[PDB]
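Notes follow the structure.
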Amino acid sequence: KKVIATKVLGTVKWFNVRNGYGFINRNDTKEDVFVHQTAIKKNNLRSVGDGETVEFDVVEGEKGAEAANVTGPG
RNA sequence: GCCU
């Protein structure tokens, strides 16, 4: 999977722990990117909370762009 | 595992 962008900031629109995925709104493009639980760095469960600010890379998965290496902004 |  190709890295599209790096160190992108965004706000978690929602993340459902039951389905194991959610969406993050990129602050730079205002577009939603898919985020799966496996793509989140640990100590985060592998989860993020609604409305929180996260930093992440954007990569090209099988069904389009998605987040990777998702953490807090520090 | 693409709108809860």
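What's counted below: heavy atoms across the whole structure, side chains too, no hydrogens, waters or symmetry copies. A, B, ... follow the sequence lines: proteins, then strands. Residue 1 opens every chain.
Residue contacts for A/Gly64: at a heavy-atom cut-off of 4.0 Å it reaches a base atom on one of the strands shown. Within the 4.0 angstrom heavy-atom criterion, base atoms lie near A/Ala65. Heavy atoms of A/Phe34 sit under 4.0 angstrom from at least one base atom.
With B/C3, B/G1, B/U4 as the choices, the nucleotide that has an atom nearest any side-chain atom of A/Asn16 turns out to be B/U4. Closest approach to the A/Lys63 side chain among B/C2, B/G1, B/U4 is made by B/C2 (side chain taken as heavy atoms from C-beta onward).
In this structure, CD of A/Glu60 is placed 20 Å from P of B/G1, rounded to the nearest angstrom. For the pair A/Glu62 CD and B/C2 P, the interatomic distance rounds to 10 Å; values are reported in whole Å. One atom, CZ of A/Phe15, and another, P of B/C3, lie 16 Å apart when rounded to the nearest Å. One interatomic measurement links the two molecules: CD of A/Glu31 to P of B/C2, which rounds to 18 Å at whole-angstrom precision. Between the P atom of B/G1 and the CG atom of A/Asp32 lies a distance of 19 Å, rounded to the nearest Å. B/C3 atom P lies 6 Å from atom CZ of A/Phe23, rounded to whole Å. Distance A/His36 NE2 to B/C2 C1': 10 Å, rounded to the nearest Å. With rounding to whole Å, A/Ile24 atom CD1 is found 17 Å from B/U4 atom P.
Not a single donor-acceptor pair, N or O on each side, falls under 3.5 Å between the base of B/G1 and the side chain of A/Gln37.
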Next on the checklist: Using side-chain contact (heavy atoms from CB on, under 4.5 Å), reason through A/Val35 and A/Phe56 one step at a time and then give a plain yes or no.
Outcome noted: CA-CA 10 Å; A/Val35 56; A/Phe56 57 95; over 6 Å; no
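In the hydrophobic clustering of ILVMFWY residues, with side-chain heavy atoms under 4.5 Å counting as a link, A/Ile4 and A/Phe34 come out apart. Residues A/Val3 and A/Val54 are members of separate hydrophobic clusters, defined by side-chain heavy-atom contacts under 4.5 angstrom among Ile, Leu, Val, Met, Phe, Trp and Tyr. Following chains of ILVMFWY side-chain contacts shorter than 4.5 Å, one can reach A/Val17 starting from A/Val48, so the two form part of one hydrophobic cluster.
Between the side chain of A/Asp57 and the backbone N or O of A/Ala67 there is no donor-acceptor pair closer than 3.5 Å.
For the pair A/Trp14 and B/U4, the ring geometry qualifies as stacking, because the centroid separation is below 5.5 Å while the planes lie within an angle under 30°.
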